[PDB]
């Protein structure tokens, strides 16, 4: 009758973990193989701050070949999740250079939740030992990116260890409702 339906579109570079995060959100576990390029999702009656909502999750591919389809998905969106990987400075720079400009262009004033993915790798000593320090985005650098591009919230998460997965989508709801 009145339950709000929220269209939330997740975007960001190839291989940052957008699909794993959508899958992890409903299944509460890390999908370790057979990951499709896109897996749309939904959760019903999600209660955030006592308010109940249907959250529709549109997955999008980061692939360059699908760049003309993406704006078709942006149409009618209530909120975007804009993802980059915490162990990829390149993905972080693409947020500034590629993703935020496109969202601003096709969907001005739609709130953006910035999300840094793969938090487990940022905290993994072998991973850190074997990659340049400059590749790694620290929380202060993510929060700065949030202000710089004008996103409304910033969440760091790991699908692999289930850190802050629920917070990503609870934040997506809050930003639409508050």
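Residue numbers count along the first chain shown, from 1.
- Taking only CA atoms, the mean B-factor in the PDB entry is higher for 53-61 than for the other of 108-116 and 53-61.
- The deposited model assigns a higher average Cα B-factor to 68-76 than to the other stretch when 93-101 and 68-76 are compared.
- As recorded in the entry, 48 carries the highest CA temperature factor of 153, 48, 145, 126.
- Per the PDB entry, 44 shows the highest C-alpha temperature factor of the residues 35, 44, 121, 137.
- Per-chain ranking of the deposited C-alpha B factor places residue 173 in the middle third.
- Split the chain's modelled residues into thirds by C-alpha temperature factor. Residue 164 is in the middle one.
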